[PDB]
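K.L.:
Right, I'll just put the structure down here and ask away after.
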Amino acid sequence: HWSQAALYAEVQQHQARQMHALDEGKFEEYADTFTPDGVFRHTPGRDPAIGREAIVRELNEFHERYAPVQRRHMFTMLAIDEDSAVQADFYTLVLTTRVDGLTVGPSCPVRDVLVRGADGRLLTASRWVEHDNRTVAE
Amino acid sequence: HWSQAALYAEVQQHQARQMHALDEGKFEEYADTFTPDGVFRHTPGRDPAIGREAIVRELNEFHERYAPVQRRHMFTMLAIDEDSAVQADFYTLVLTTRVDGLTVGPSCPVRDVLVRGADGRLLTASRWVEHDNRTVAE
Amino acid sequence: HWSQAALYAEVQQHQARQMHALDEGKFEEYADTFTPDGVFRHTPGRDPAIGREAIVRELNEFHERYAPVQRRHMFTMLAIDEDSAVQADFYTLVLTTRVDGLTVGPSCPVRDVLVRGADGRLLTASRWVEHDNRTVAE
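As structure tokens, this is what we get:
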């Protein structure tokens with residue numbers, strides 16, 4: 004189906020714009036790409052930020068503890086699945107450039123749940139991030 | 004064409020699901036995404052696994068020689086080409107997380123040949139993996 | 004829209020083929036994917052190559068200063086935007107394999123401007139590359 008394909012591109016576009024905002028420190032913008040009740044589980048062991056204000060607050064607190074740095078998130082291996095929410099499985103690779111060099115990792119399998127807002131744009135209802143280092147740790 | 008575009012997304016979805024299975028150690032599942040006569044040339048110098056049982060066996064033997074580890078394969082730079095088989099050229103980046111850290115590489119140009127099975131889903135008839143370290147080696 | 008989606012896949016296909024040519028040292032081929040007046044700003048601080056002959060010349064001079074090596078460029082996080095030119099924002103990760111190992115980085119945010127040539131194929135009118143190490147440098 005042409006619609007399935009269109010949805011796939013749409014999710015890629017959505018995800019890209021989210022990370023363009025995040026990576027450039029536009030935390031409000033990033034939060035606005037989630038539903039008003041959005042769940043953001045960024046780190047295993049830690050409770051998710053729920054809601055836009057919590058996501059923005061969480062990002063601010065994390066930036067205060069750990070940032073002269075440029076982070077880039079790179080998504081690959083998108084697979085989507087099902093009458094109005096879509097699940098998205100994919101891989102994230104974190105890159106961090108600092109004055110003393112580039113760091114690669116961690117790699118993170120992620121599950122997103124996406125819905126369509128009142129204006130027809132996609133919003134992220136849920137982002138559930140796992141860390142491969144945590145998985146290996148045992 | 005909307006169909007060309009749809010095919011492109013379809014191949015991306017197919018490839019993602021293949022690697023989700025592989026990376027999580029679901030070797031039977033991965034093998035089932037190939038044709039029953041599928042060719043899997045994973046390593047230069049070594050003969051391909053041909054057929055699903057050979058792919059599963061090959062993966063098992065490799066897991067026995069070399070695996073407390075989590076591997077992720079990341080595909081980028083997909084280009085497809087032609093009345094019923096499609097050729098796919100792309101790049102693979104291997105990531106391996108172990109207790110003592112993350113390894114990046116090798117990078118591998120790959121050619122896939124894809125066909126459509128009796129139920130209309132894509133299957134991989136052929137996967138031909140080159141290694142950039144082997145290429146540089148001279 | 005099915006056309007928006009089709010355009011997104013089209014840009015991905017275009018970009019992939021460009022890098023397949025570049026990475027394999029087919030500089031003329033790469034240059035032919037730009038408009039005859041194409042702007043290629045590969046490095047901050049340095050003036051862009053403008054025109055196909057300048058791009059080919061620039062690539063030759065760079066290959067002469069710095070190349073037994075295999076480079077791969079990996080694009081992720083494509084976002085496109087607008093009646094006949096399209097802007098494309100995305101991330102590039104450079105990988106370089108040499109006899110003594112693999113190098114990862116730099117990471118480069120890039121903006122492309124794409125138009126359609128007389129035969130309907132996409133051409134790159136402009137490629138503006140930023141380097142995250144340059145950004146961090148301050």
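Note that the protein sequences, when read in sequence, are chains Z, V and F. Numbers 4 to 70, 73 to 87, 93 to 148, taken from the UniProt record's numbering, label the letters of the first sequence in order. Numbers 4 to 70, 73 to 87, 93 to 148, taken from the UniProt record's numbering, label the letters of the second sequence in order. Numbers 4 to 70, 73 to 87, 93 to 148, taken from the UniProt record's numbering, label the letters of the third sequence in order. All C-beta atoms, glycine included, are put in the ideal place defined by N, C-alpha and C.
1) Report the option in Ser117/V, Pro51/V, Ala52/V whose CA atom is closest to the CA atom of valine 74/F.
2) Can you give the Cα-Cα distance for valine 42/V and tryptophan 138/V, rounded to whole angstroms?
3) Less than 8 Å between C-beta atoms, sequence neighbours within five positions excluded: which residues of the same chain meet that for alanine 84/Z?
4) So, is the C-beta of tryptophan 5/Z closer than 9 Å to a C-beta in chain F?
5) Please report the residue range of the beta strand (DSSP E) in which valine 125/V lies.
6) Do you know offhand how far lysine 29/V's Cα is from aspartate 35/V's?
7) Looking at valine 104/F and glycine 115/F, is the spacing between their C-beta atoms short of 9 Å?
8) Thinking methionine 79/Z and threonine 145/F are a contact (beta carbons under 8 Å), I'd like their distance in whole angstroms, please.
9) Measuring only between beta-carbons, confirm whether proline 119/V sits less than 9 Å from chain F.
10) Assuming contact is defined by CB atoms lying nearer than 9 Å, are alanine 52/V and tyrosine 11/F in contact in what I supplied?
11) In three-state DSSP terms, what is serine 136/F?
12) What residues from the segment 41-68 of chain F come within 7 Å of chain Z, judged by C-beta to C-beta, listed N to C?
13) What are the uninterrupted segments assigned as alpha helix (DSSP H) that are 4 or more residues long and contained completely in the segment 13-46 of chain V, given in chain order?
14) If you drop the 5 nearest sequence neighbours on each side, which residues of the same chain put their C-beta closer than 6 Å to that of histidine 17/Z?
15) Do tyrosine 101/Z and the ligand SAM come close, with the Cβ less than 8 Å from some heavy atom?
16) Does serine 6/F pass the burial test, meaning 16 or more other C-beta atoms within 10 Å, or should it be called exposed?
17) Taking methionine 82/Z as the query, report the chain F residues whose CB atoms sit under 9 Å from its CB, ordered along the chain.
18) Going by DSSP, name the residue or residues bridged to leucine 105/V.
19) Please check if any C-beta of chain V sits within less than 9 Å of the C-beta of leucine 124/F.
20) When you compare the CB positions of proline 119/Z and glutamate 148/Z, do they come within less than 9 Å of one another, or not?
21) With a Cβ-Cβ cutoff of 9 Å, do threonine 107/F and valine 123/F count as a contact?
22) Does the Cβ of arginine 55/F have 16 or more other Cβ atoms within 10 Å, making it buried, or fewer, making it exposed?
23) Who are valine 96/F's beta bridge partners in DSSP?
24) Kindly indicate the opening and closing residues of the alpha helix (DSSP H) around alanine 147/F.
25) Flag this pair as yes or no: are the beta carbons of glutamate 61/Z and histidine 45/Z separated by less than 9 Å?
26) Using C-beta distances below 7 Å, list every residue in its chain close to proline 39/Z, excluding the 5 sequence neighbours before and after it, in chain order.
27) Using a C-beta cutoff of 9 Å, does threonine 107/V count as contacting chain F?
28) What residue range is occupied by the uninterrupted alpha helix (DSSP H) comprising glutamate 67/V?
29) Using a Cβ cut-off of 9 Å, pull out every chain F residue sitting near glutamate 13/Z, in sequence order please.
30) Closer than 7 Å by beta-carbon distance: list the chain F residues that pair up with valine 96/V, in chain order.
31) Among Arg77/Z, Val14/Z, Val125/Z, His66/Z, which has the Cα closest to the Cα of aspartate 93/Z?
32) Using only the alpha-carbon positions, how far apart do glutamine 21/Z and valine 14/Z sit?
33) Quick check: the Cα distance between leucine 25/F and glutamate 32/F, rounded to an integer number of angstroms?
34) Quick one, which of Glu27/F, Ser136/F, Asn143/F, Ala19/F has its alpha-carbon nearest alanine 70/F's?
35) Please name the residue in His4/F, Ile58/F, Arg76/F whose C-alpha comes closest to that of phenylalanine 37/F.
36) Anything in chain Z within Cβ reach of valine 139/V, meaning under 7 Å, just list it in chain order.
P.N.:
Reading off the structure:
1) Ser117/V
2) 8 Å
3) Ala98, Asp99, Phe100
4) yes
5) 111-126
6) 10 Å
7) yes
8) Not really, about 17 Å apart at Cβ, beyond 8 Å.
9) yes
10) no
11) strand
12) none
13) 30-34
14) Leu132
15) The model depicted lacks the ligand SAM and carries no ligand whatsoever.
16) exposed
17) Within 9 Å Cβ-Cβ: nothing; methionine 82/Z doesn't reach chain F, min ~11 Å.
18) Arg77/V, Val114/V
19) no
20) no
21) no
22) buried
23) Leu124/F
24) Here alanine 147/F belongs to no alpha helix (DSSP H), and DSSP marks it neither H nor E.
25) yes
26) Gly54, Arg55
27) no
28) 55-69
29) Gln7, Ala8, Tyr11
30) The contacting residues do not exist; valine 96/V stays about 12 Å from chain F at best.
31) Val125/Z
32) 11 Å
33) 8 Å
34) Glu27/F
35) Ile58/F
36) What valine 139/V touches in chain Z: nothing, since even the nearest Cβ is about 17 Å away.
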